[PDB]
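Here's the structure we're looking at; comments come further down.
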Amino acid sequence: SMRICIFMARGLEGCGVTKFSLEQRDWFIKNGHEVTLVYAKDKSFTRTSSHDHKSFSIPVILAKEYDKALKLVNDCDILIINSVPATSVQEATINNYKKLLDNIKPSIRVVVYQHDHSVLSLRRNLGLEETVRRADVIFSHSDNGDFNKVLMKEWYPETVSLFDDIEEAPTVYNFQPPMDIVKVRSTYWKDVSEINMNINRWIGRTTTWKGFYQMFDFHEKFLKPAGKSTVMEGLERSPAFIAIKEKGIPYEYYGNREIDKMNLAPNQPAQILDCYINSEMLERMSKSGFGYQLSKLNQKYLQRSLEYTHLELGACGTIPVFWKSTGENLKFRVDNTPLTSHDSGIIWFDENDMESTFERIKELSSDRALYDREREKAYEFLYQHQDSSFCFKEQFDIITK
Ligand SMILES: O=c1ccn([C@@H]2O[C@H](COP(=O)(O)OP(=O)(O)O)[C@@H](O)[C@H]2O)c(=O)[nH]1
Ligand SMILES: [Cl-]
């Protein structure tokens, strides 16, 4: 048994990094290790309450509580850094973060996980290079991602000066963001009779690669005309969101305090929720006929990692509807074959044949027995692919190598 310190130096954002950090903590504790979850409070975020953590998470102001921060990070055997300060923090924040890295006990094994994809996101970081150089173990979502192919080669140039050193780049291991899929099912799974087959619920946030435009399109072309309802949760307001109205796309927007105002009846525009509490969404999703996760990252960013919203759909008992090309570009953890090559119960949304996609949805909607068989397959498939029991063990073995 060891002491683990999970550190989110960017702060607790409430999305995938936070989710990963919490699932990571759960796995370590479940496996007999001691864990402290620490996050920089210097920068605040909108979804800090999306996940349950307040009863154990340890906030620290890097710019003003360096001593506190240092004592925390040096009180472990393994330090896991899941995020670094954002480009908008004050000098004291980033300066003290860099000082932390330099003063971490040399004997402590520092593990760095790069949870983001595009360079756009990656460059919005401060001190990532210094973090990578101190790391004893580095993880990324793809061998061909921007982190591996752009930043790493930039920090470790394949062409040195003259009086410097060649310094080979450190090894970067692939990883999948795990979730205790069994735990979610044991808490939210509903009997098929409790599910409203006419509800189509998309979950994510306002970033175009999450595929929200495709959901609006699918609602307009097939779901709305068929008398079905569409709900989209997690779309925060921002310049990207403003583009929706500018394009003339109809929708009704709500906050949690007005969720009871959502019109879930036929012939309505997409109903949008600005932000969601994870547990509340899982409850709503478990009673929804079909869940949608239409992320469409470029192939370079895809290896084996599905996202948490992908896993949540299968885990809570709805029928998962995923972006076809993503399934084609991802490989099954078990045998390394495309996710689409399996009879998984997952409906692979095809933008080039949405008619076929909706036909399958109507088929499952009309036969509760079939519906049940299909989601049991999806649950098992996703469990085999990315449950914490498998993935965190794989990562633990790599970390302790
Ligand atoms: O308003 C929101 C938006 C997202 N999430 C959760 O935050 C995580 C997001 O991780 P994912 O890997 O799906 O994508 P990311 O946000 O990290 O790119 C998932 O557990 C979502 O259910 C949430 O609880 N509330
Ligand atoms: Cl996050």
Side-chain angles (χ1 to χ4, degrees), residues 6-26 37 39-40 43-53 57 81-86 113-118 120-122 124-125 141 145 175-181 183-184 188 201-212 231-238 240-241 253-256 259 272-286 288 291-297 301-302 304-316 318 320 322-323 326 330 382 386 388 391:
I6 303 174
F7 188 25
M8 279 180 279
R10 178 184 173 74
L12 197 150
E13 200 163 4
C15 286
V17 176
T18 288
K19 178 58 173 174
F20 175 82
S21 295
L22 298 179
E23 291 287 340
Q24 189 166 225
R25 167 174 176 282
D26 288 340
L37 179 63
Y39 68 99
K43 184 176 181 179
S44 59
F45 304 80
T46 297
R47 314 180 205 249
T48 191
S49 293
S50 291
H51 301 89
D52 183 64
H53 70 274
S57 66
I81 305 182
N82 289 317
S83 63
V84 304
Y113 280 90
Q114 178 49 66
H115 294 287
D116 292 342
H117 308 289
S118 174
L120 190 170
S121 299
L122 297 177
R124 291 182 177 300
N125 292 123
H141 284 295
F175 86 100
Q176 297 172 72
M179 179 175 95
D180 187 334
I181 289 169
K183 186 168 301 308
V184 170
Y188 301 93
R201 192 180 303 274
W202 180 97
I203 51 170
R205 50 192 178 76
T206 313
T207 292
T208 58
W209 59 261
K210 292 288 184 178
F212 58 87
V231 174
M232 301 174 68
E233 298 189 33
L235 296 181
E236 80 282 1
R237 282 193 58 73
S238 65
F241 189 84
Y253 198 80
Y254 312 78
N256 279 287
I259 195 169
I272 312 308
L273 186 59
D274 68 344
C275 176
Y276 63 85
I277 298 304
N278 194 260
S279 59
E280 291 175 2
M281 177 281 285
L282 292 176
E283 179 58 33
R284 288 187 291 272
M285 187 67 77
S286 70
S288 300
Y292 297 67
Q293 208 285 18
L294 308 176
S295 287
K296 51 209 296 177
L297 288 170
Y301 304 114
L302 302 169
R304 294 181 299 164
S305 305
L306 273 176
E307 298 178 278
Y308 282 111
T309 48
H310 281 125
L311 308 185
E312 288 165 343
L313 299 192
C316 75
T318 184
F322 297 168
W323 187 253
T326 292
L330 284 173
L382 295 175
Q386 214 158 302
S388 295
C391 308

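Ligands are counted one by one from 1 in listed order, and the atoms in each one are counted from 1 as well. One-based numbering along the sequence shown. Values below: all heavy atoms of this structure, side chains included; hydrogens, waters and symmetry mates excluded.
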Among all protein non-hydrogen atoms, which one is nearest to atom 4 (C) of ligand 1, and what is the separation to 0.1 Å? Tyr276 OH, 3.3 Å
For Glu13 and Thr18, which I'm curious about, is there any donor-acceptor pair between the side chains at under 3.5 Å? no
Quick look: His51 vs ligand 1, heavy-atom contacts under 4.0 Å, and the answer is side chain
Checking contacts here: is it the side chain or the backbone of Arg205 that comes within 4.0 Å of ligand 1, counting heavy atoms only? Could be both or neither. side chain
Within a distance under 4.0 Å of any heavy atom of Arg47, pick out the atoms of ligand 1 and give their elements. 1 (O), 2 (C), 3 (C)
Do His51 and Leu12 touch side chain to side chain, with heavy atoms closer than 4.5 Å? no
Tell me whether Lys210 reaches ligand 1 (any heavy atom closer than 4.0 angstrom to a ligand atom). yes
Does ligand 1 come near enough to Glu312 that some N or O of the ligand is less than 3.5 Å from an N or O of the residue? yes
Taking atom types as modelled and ignoring hydrogens, do the side chains of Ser83 and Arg10 form a donor-acceptor contact shorter than 3.5 angstrom? no
Looking only at protein heavy atoms, what sits closest to atom 13 (O) of ligand 1 is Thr309 N, 3.0 Å
Hey, would you say the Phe175 and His115 ring centroids sit under 6.0 Å apart? yes
Does the side chain of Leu382 come within less than 4.5 Å of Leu313's, by heavy atoms? no
Ligand 1 atoms nearer than 4.0 angstrom to some heavy atom of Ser50 are 23 (C), 24 (O), 25 (N)
If you compare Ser279, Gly14, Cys15, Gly16 by their heavy atoms, the one closest to atom 17 (O) of ligand 1 turns out to be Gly16
Closest approach of any protein heavy atom to atom 12 (O) of ligand 1, naming residue and atom: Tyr308 N, 3.0 Å
Any donor-acceptor N/O pair, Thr326 side chain to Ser295 backbone, under 3.5 Å: yes
Using modelled atom types and a 3.5 Å cut-off, is there a donor and acceptor pairing between side-chain atoms of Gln114 and backbone atoms of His141? no
Just to check, does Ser295 reach to within less than 4.0 Å of ligand 1 when the distance is taken from its heavy atoms? no
Under a heavy-atom criterion of less than 4.0 Å, does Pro177 contact ligand 1? no
Considering the heavy atoms of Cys275, write down every atom of ligand 1 situated less than 4.0 Å from one of them. 1 (O)
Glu233 side chain reached by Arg284 side chain, heavy atoms, under 4.5 Å: yes
Straight-line distance of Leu330 CG to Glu307 CD, nearest 0.5 Å: 9.0 Å
